[PDB]
Each structure stands twice: as C-alpha cells, then as structure tokens.
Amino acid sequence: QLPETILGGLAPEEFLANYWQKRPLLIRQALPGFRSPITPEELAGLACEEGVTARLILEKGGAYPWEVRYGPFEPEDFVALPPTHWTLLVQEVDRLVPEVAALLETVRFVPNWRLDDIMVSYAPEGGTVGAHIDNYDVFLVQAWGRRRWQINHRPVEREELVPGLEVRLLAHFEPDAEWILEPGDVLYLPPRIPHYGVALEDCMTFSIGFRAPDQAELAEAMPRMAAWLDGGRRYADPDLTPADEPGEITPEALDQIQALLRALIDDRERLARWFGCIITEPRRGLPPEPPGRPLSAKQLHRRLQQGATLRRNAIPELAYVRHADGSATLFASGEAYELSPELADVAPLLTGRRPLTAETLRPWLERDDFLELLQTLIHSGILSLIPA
C-alpha cells in the first residue's frame, strides 16, 4: 500500500538529473494517505530500549535554553515535560521497526550504500531543532500533524554558528521560501541547504537520511584494509647511501612511502572489498540480531517452498560488487561473502527490489552452496524468515 517511489508523478531519471544534490524540491502528497505506523508513545518506547541513539531538545523549559538530554532513557523522564517547545529525535528506527523500514522501498533509485537511516521525530506544538544545515541529502516526510518549513535555496559554504549552545545553530538565517506540510507531503533537501522547521501541532517527521563518505572517514576506515593484506610489500632501501643528516626523512624515502600506499589504493579487487565492508558496517550501536534458534538447510528449503518469505532487515547495510572474473562479493553489515561465478547473480537479487520467495529464488534454490549462504545470512540476522 505504498507507491513505487517517493517522487509522486516525477520519474527518477528526471529527478536525479535536475534536483539530486543540486536544489531542493517540494513534492506535495508524495505518499497519499500515509500516516505514521508508529505512535509518539511507541517512539518514546524505543527511546528507552538499550543500544538506541536518542536526543531530547528543549528550546525552553529546561534548566538552560536549548538543553540537550541524551539517551538511553527511563519512562519517568517523559511525563515531566512542558506542554510545548521540546522535541524527541530517535535514530535508526528503520532498524528497530520493520514497518518503518517499509518506507525505504520508495527510494530505491538511489543505491543501497548511499542510504543511512530513517530517524523519527516527535514534537508537540512549537517544537523544533532550530535553523540548521546537514552534510547529507534528506527526504523530510510528514507522517503526522503539520510542520512549517522555512528554507534557503542558496547552499552555505561557510557555517556561521551560534556560540556556546551545544546544538548546531545558524546565527544569521534568511528564508526565501516558507511551506506548510501535511501528512504525505515530502520535502527533498540536498546537502548544506539551511532549513528551519516548526511544529504547528502535535506532529511527527520521518527523516530519510543518506550518507556520503568524506576523506576523514575513509582514512579512519583504512585499518580494515589490513585484513586482506598478509603484510604486503615492505619498505626496502638496499641502495641506501650514508645519511648526511640522520634525522631527515629524505625525498627518496617519501617517494617509496607514496608508492606503497598507491599500490594499495590502485588495487581494485582489494579496494572494492574494503569499501564494501566499511560502508555497510553498522555506524552506531545496532548490529544485526541473530534469531532464536538454529535452522537446517533442509528445513529452510522446505519452509521456503511452502510460501515462507525472506525479509531484508537492513537494506542500507546490504550491497555487492562484481569482479572481472565474473565472481562477486556480497556485503552484509560489515562482512564479506565471496560468490563464485556460478552464484554471482544472487547478489543483485538479495540486495535488490524484488521480493524473496520460492518463485523468485527458484533458479539457485537447489544448489547446496546457495542454501548455506541463506543459512548464514539468516543466522547472522541479515535476513528474517517470515511465515505466510
């Protein structure tokens, strides 16, 4: 009961060509009839569950203006809140609530790894986070109540911030466009577009967020390259001449260091595996949860061909890569699974849009090595087995 995409009457090819990472776009009634599958009471319910990232922001009513209280929480923390001018933000709700993750099937024109999470916000009247920017694309989805969004179509290069407030707040903000959003309305913002939303009543917002790695993150992820190396090439200086100045890291020495790192980076087989892992790795505290009990290959096959379904639990943490051999590597929550060329074409399937069923899986379902793979993915918590 959800449309093929979140773009209304706009085709993805046209949207990507004229708006993606360029300029904001206001889709009216992207999701006709869409109401939040989760309620404010349930959201506050998730905010208490351990391993969850949650923030409470009060523009006023706290000890000081713009106070930020962090999770985890206790049930008592919420009842003693002012009637208005606060807001609750919970991250990776798509990981916790399958019904929310369903929404993620409307943004499959973007590749999986560019997907991050769906954070859900609740806010009584007047609740806000304040005028701010983000370094990532976002689909702002109204799921309850109404929100007044003010934005500036001009992206900001330098972030002029308010001092000492422990929340990224824009000192000077000049809106050129104001909008009132009802449930089903969708506001797309490219990176660095300043936006200021305010709740006109008890409302909820679903923020579909994307991710783009900067150099700093990629550098921090590089120690994982060591996993596939087995040491690798070693610095060698057999043609060493006596050091004029022993403390000098010579230009010839820096040359060889550059060479060693390049050979590392320029190996595409090696680089693909590294990136596939570090980009699907869980970013916060919610890894995949293994099932209750073990499951035999024959039982899976049986249960599967009786109409059972396989569900993807974390699409943003699901990706793959093809190699020159015809082989492929599958990526699920930071881990790599090697696929022979015989199996290489299940990767597009398991990570793609298509429903996982007996009909859909018929081609490989009688191969032993393919059932072992499903068994592994089910036991890891990557795929959930769903009865009919």
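Throughout, we count residues from 1 along the sequence that is shown.
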Would you tell me which stretch averages the higher CA B-factor in the PDB entry, 157 to 165 or 100 to 108?
157 to 165
Comparing 320 to 328 with 55 to 63, which stretch shows the greater average C-alpha B-factor in the deposited entry?
55 to 63
Which listed residue, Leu286, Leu115, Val90, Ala171, has the largest C-alpha temperature factor in the record?
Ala171
Selection by C-alpha B-factor (highest) of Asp137, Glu217, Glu248, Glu178:
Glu178
Third of the chain's Cα B-factor distribution that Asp267 belongs to, per the entry:
middle
Which third of the chain holds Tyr235 when residues are ordered by C-alpha B factor: lowest, middle or highest?
lowest
Ranked by Cα temperature factor within the chain, is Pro3 in the lowest third, the middle third or the highest third?
middle
Of the three thirds of Cα B-factor ranks in this chain, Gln256 occupies the lowest
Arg192 by Cα B-factor - lowest, middle or highest third of the modelled chain
middle
